[PDB]
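Report on the structure given below.
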Amino acid sequence: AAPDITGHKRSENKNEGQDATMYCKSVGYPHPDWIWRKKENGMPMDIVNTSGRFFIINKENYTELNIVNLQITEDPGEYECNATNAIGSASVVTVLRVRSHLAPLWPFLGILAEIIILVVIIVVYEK
Amino acid sequence: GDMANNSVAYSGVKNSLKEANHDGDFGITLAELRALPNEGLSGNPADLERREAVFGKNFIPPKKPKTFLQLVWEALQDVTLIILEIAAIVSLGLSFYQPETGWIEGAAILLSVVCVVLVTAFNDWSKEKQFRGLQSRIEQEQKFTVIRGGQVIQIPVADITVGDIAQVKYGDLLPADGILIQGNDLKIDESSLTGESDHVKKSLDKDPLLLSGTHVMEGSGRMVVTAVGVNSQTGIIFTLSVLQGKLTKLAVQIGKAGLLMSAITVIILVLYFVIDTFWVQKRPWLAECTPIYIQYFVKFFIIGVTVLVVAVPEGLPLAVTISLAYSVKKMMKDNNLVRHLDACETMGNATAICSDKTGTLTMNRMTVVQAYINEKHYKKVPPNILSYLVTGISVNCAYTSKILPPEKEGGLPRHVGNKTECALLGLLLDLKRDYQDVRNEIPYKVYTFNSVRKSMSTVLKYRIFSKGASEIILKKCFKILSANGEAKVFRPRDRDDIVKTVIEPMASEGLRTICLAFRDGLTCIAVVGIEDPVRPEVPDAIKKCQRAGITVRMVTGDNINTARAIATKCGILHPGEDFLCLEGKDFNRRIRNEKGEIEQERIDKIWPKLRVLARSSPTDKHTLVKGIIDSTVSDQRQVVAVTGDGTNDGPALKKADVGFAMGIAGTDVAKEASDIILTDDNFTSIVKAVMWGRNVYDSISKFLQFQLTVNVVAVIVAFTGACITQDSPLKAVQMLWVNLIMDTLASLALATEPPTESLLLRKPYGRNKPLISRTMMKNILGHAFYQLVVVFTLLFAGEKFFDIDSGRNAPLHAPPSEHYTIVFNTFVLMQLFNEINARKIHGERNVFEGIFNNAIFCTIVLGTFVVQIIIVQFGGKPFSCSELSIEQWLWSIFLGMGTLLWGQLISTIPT
Ligand SMILES: *[C@@H]1O[C@H](CO)[C@@H](O)[C@H](O)[C@H]1NC(C)=O
């Protein structure tokens, strides 16, 4: 019958250096073949292994993409899996986004700046 | 187990006055010795416990107060809560079954309703605990005069027994019934028992019976106890506002408004669902899969009920009662004891304090500043001077100078008795002479104050002497001691050259002249110079009060220039213009046509002019205060706080809006008719009472702007979020958590505030001025606008802002959220940082400053912060949040400090 993916992530937030674990679980008969793709500019693209960081383990009805050593500039985007057999194909979308490059630091400075504003106002009024 | 209890509950106390013909064969001391007379006490502090066990114990209790289980039962009967429980049961009911983890949303409502009703009950229980804490200490202090050893001392009223002796006088109560033995005139009241509010004689011929719960009006005497406790007669028969009108009106208007807004949200939700499914976006799907649709009706109805929980404040007048309770317990440390729970708030709106002079303004530790022995006005301090020592030392038999108190460091002794006499003897001890050596000499007839012209004289060895006033006795005087010395017979030479040209240029010209006169037509021994010190705080205190609109009006029984002296020395009569005093007689003359006391002229005249009403009567003070609280000119007028502690101070102190009663030397009829007992008589304590009365009425609205802000923001978020998407973003448990942060815990948090001295800079309020003022409304609408902007920015566009995917809209089952957690956390932390910014009405800006007088506020705000820190990371799927992490905490705390800054910006732009 037709492939049908059952369990997957609609999103994934990771940070610098961690390992993004993306997966798809399919049902149907026969057990479909797994193709991982990437969405670029309105078109599905293949995964090119020039980074050396892509590791695909495909079993009969289970897959797992594990992208080690994430970086902000390239690795976030949109990913998808393709469970394909002789009857047809199936696809779900798993989206990655990384939070790095400072990472959280900007509103901590915001806190300290606002503390300083209100303390300066209290200093000005009481003199 | 052996006494004379042959009538075991009506031992002699049945009825008057055919009982004195036969009182256990009619012998009063014989019944005393069969029951025990003058004078013995006990030796055994267990013998008192025997007669406690055998007839009986005095302390009579009320059924008190209510069990904690009773209050838990009480607060689980609000109809909103029981409808919420029913719909929670139905909500889990349509989980089991339907064609998983769809189980916790109903269990959370049920258990959380149990928790919120438990917290409200614990609140109300602690409230009653503080009122019991008041009631215990006010049950003390009522002491009596028991003949114990001859070293007669004051014991509390509860530890009195039967068989002992009471030595009563005018001014106090009857704690335990009994039998007269010795003396006297002794008229008593019977207004508590019989309707004859009159004066009744008591003697050993007619009525040797005394009744508890009454109070002696004049005379003195001595009795023996018959009955105590519920065994007493009054106990047997006992066996067989101002502000809150505005709060109830305001709460009923909010109740109607929220009751309609919830129904608006319900109708819109059911209409929007049915139209957007079955009549449009349709394809009608009406089929056999019903209970999912009934399940959505259940979820809509739970949104409606959980908005009615917020939109009706469950107890709003309980703000008054909470704040007044915590205020009572902290007033009690400031010398100021509250006896009726309406004179806290009523004063308040005080405009005039008809005070007294003796003891209330002055220190009541007087001296003898000047003297006239050496013919004239020589400054601060001989066989005729020996005779003068015989006068000044042999005055009485109860002079009672006990002079070595209090820590033997600074020469500041206190005394016992009427204090002019002890001043006299004190600065006759400063002339380095032994008074105690000559006070034995033994005491003929030493007359009391009771005379025709009311002096207090002595006949001793045939040297007859007399104290008493110069305008009372110096008229009768015949001659003057001539520089030790000889005799110079009187004339109006004395009456104009000394009584006018020398006596009237007294200090300012106080005080209270007496003579200590020889008898045998008299002989001028000396006179006086008497001064009592004004307290060191009084001329500041009257000015601080005077700026606050309250016009002090001193009233005393005194004559005549003396009150003028203390008035100008204290600062009442600012001697620029106005106004004039009295002699004592003229206020009864102004006016009666024809007898009289016409309220037209008395209400008119002379109204702002009596700042001094010297030589009063209690009837005169009553006429004045009855004239004040009337339909008068200004139509704001007035609310008065009279003081006073005479025996005859019944009606006047009763009519005025807030009483006051002295509590060092103050009789017990004055305290039972009072409203506030002062404990150390200082007029500054009346100033502190005015401060606390300001504090309650500010603390109400200081609670109310916080509560009104949370109500507006929660209702508009629920309505508008429920009108665009098909649900409200605050799920039904955390809405109850916002209930618990705004309704009971908030009132307990910021309704307890110590006062400042900034509450004494404004004109006092009138009792029709509205409850939500202008700046009030400015803070309301400003913070409401800011929180609507932040909540709708994080509710409609927080997904294309930082991260991540839109929770709106969602199915039933459901995953918790991620985005609605940032909405909920910014909402709750924004209310928590508002809960500091609502601590200032009437202008800004010192927040945080200084929140460290409170223990309660500083534990509740940080405690609620830490509890929400726990609730956000933990218990996600039950409490509809999820595992939130930094950085998102730090943006939410940034927006909380954002409201802390924006409200400070609202301190500008006035009208
Ligand atoms: C990418 O290359 C590495 C290097 O040998 C290899 O271990 C890994 O399996 C490759 N992954 C894919 C998806 O080709």
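Chain labels A, B, ... are given in the sequence in which chains occur in the structure tokens; within each chain residues are numbered consecutively from 1, and ligands are likewise numbered from 1 in the order shown.
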What are the nearest atom pairs, with distances in Å to one decimal, for all residues of chain A that come at most 8 Å from chain B, using only C-alpha atoms, set out by chain and rising residue number as CSV?
residue,atom,partner,partner_atom,distance
A:104,CA,B:887,CA,5.4
A:107,CA,B:891,CA,6.3
A:108,CA,B:890,CA,7.0
A:110,CA,B:894,CA,7.1
A:111,CA,B:894,CA,5.8
A:114,CA,B:897,CA,7.5
A:118,CA,B:901,CA,6.7
A:122,CA,B:846,CA,6.7
> Running DSSP on the backbone, which parts of stretch 16-114 of chain A land in helix (DSSP H, G or I), as a PyMOL selection string?
Replying inline: chain A and resi 106-114
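The contact shell of ligand 1, defined as all polymer residues within 7 Å when only C-alpha atoms and all ligand atoms are used, comprises residues 49, 52, 53, 54, 55 and 56 of chain A.
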Write out, as an mmCIF file, in the first residue's frame, the residues just selected, with N, CA and C atoms.
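For reference, again-v7.cif as written:
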data_model
loop_
_atom_site.group_PDB
_atom_site.id
_atom_site.type_symbol
_atom_site.label_atom_id
_atom_site.label_comp_id
_atom_site.auth_asym_id
_atom_site.auth_seq_id
_atom_site.Cartn_x
_atom_site.Cartn_y
_atom_site.Cartn_z
ATOM 1 N N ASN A 49 27.449 16.032 1.050
ATOM 2 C CA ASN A 49 28.220 15.643 2.226
ATOM 3 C C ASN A 49 29.601 16.303 2.224
ATOM 4 N N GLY A 52 30.846 16.865 5.790
ATOM 5 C CA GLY A 52 31.250 15.702 6.552
ATOM 6 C C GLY A 52 30.471 15.501 7.827
ATOM 7 N N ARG A 53 29.310 16.133 7.948
ATOM 8 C CA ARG A 53 28.581 16.193 9.202
ATOM 9 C C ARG A 53 27.224 15.509 9.130
ATOM 10 N N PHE A 54 26.904 14.868 8.009
ATOM 11 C CA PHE A 54 25.610 14.231 7.802
ATOM 12 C C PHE A 54 25.776 12.732 8.003
ATOM 13 N N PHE A 55 24.867 12.131 8.766
ATOM 14 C CA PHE A 55 24.919 10.710 9.081
ATOM 15 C C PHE A 55 23.517 10.126 9.023
ATOM 16 N N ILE A 56 23.243 9.343 7.984
ATOM 17 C CA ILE A 56 21.920 8.780 7.747
ATOM 18 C C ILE A 56 21.969 7.284 8.022
#
>> So that I can check the surroundings of residue A:32, please list as a list in words every protein, DNA and RNA residue that reaches within 8 Å of it, counting only C-alpha atoms and ignoring chain neighbours fewer than 6 positions away.
In response: residues 3, 26, 60, 61, 83, 84, 85, 86 and 89 of chain A
Dump C-alpha atoms for the selected residues as an mmCIF file, in the first residue's frame?
data_model
loop_
_atom_site.group_PDB
_atom_site.id
_atom_site.type_symbol
_atom_site.label_atom_id
_atom_site.label_comp_id
_atom_site.auth_asym_id
_atom_site.auth_seq_id
_atom_site.Cartn_x
_atom_site.Cartn_y
_atom_site.Cartn_z
ATOM 1 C CA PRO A 3 3.571 4.898 2.596
ATOM 2 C CA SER A 26 6.558 5.113 8.398
ATOM 3 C CA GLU A 60 12.995 -0.825 7.117
ATOM 4 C CA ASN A 61 10.425 1.582 8.581
ATOM 5 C CA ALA A 83 9.640 7.256 2.379
ATOM 6 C CA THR A 84 9.434 5.672 -1.074
ATOM 7 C CA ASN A 85 8.376 2.157 -2.090
ATOM 8 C CA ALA A 86 7.077 0.521 -5.271
ATOM 9 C CA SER A 89 6.057 7.951 -1.686
#
> Near stretch 449-454 of chain B, counting only C-alpha atoms, which residues have an atom at most 9 Å away, once you skip same-chain residues fewer than 3 positions from it, shown as an NGL selection string?
Replying inline: :B and (457 or 468 or 472-473)
Residues from the last selection, C-alpha atoms, saved as a PDB file, in the first residue's frame:
ATOM      1  CA  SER B 457      -9.020  72.598 105.608  1.00  0.00           C
ATOM      2  CA  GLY B 468      -7.694  76.932  98.815  1.00  0.00           C
ATOM      3  CA  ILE B 472     -11.850  81.738  96.975  1.00  0.00           C
ATOM      4  CA  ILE B 473     -10.090  82.295 100.314  1.00  0.00           C
TER       5      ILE B 473
END
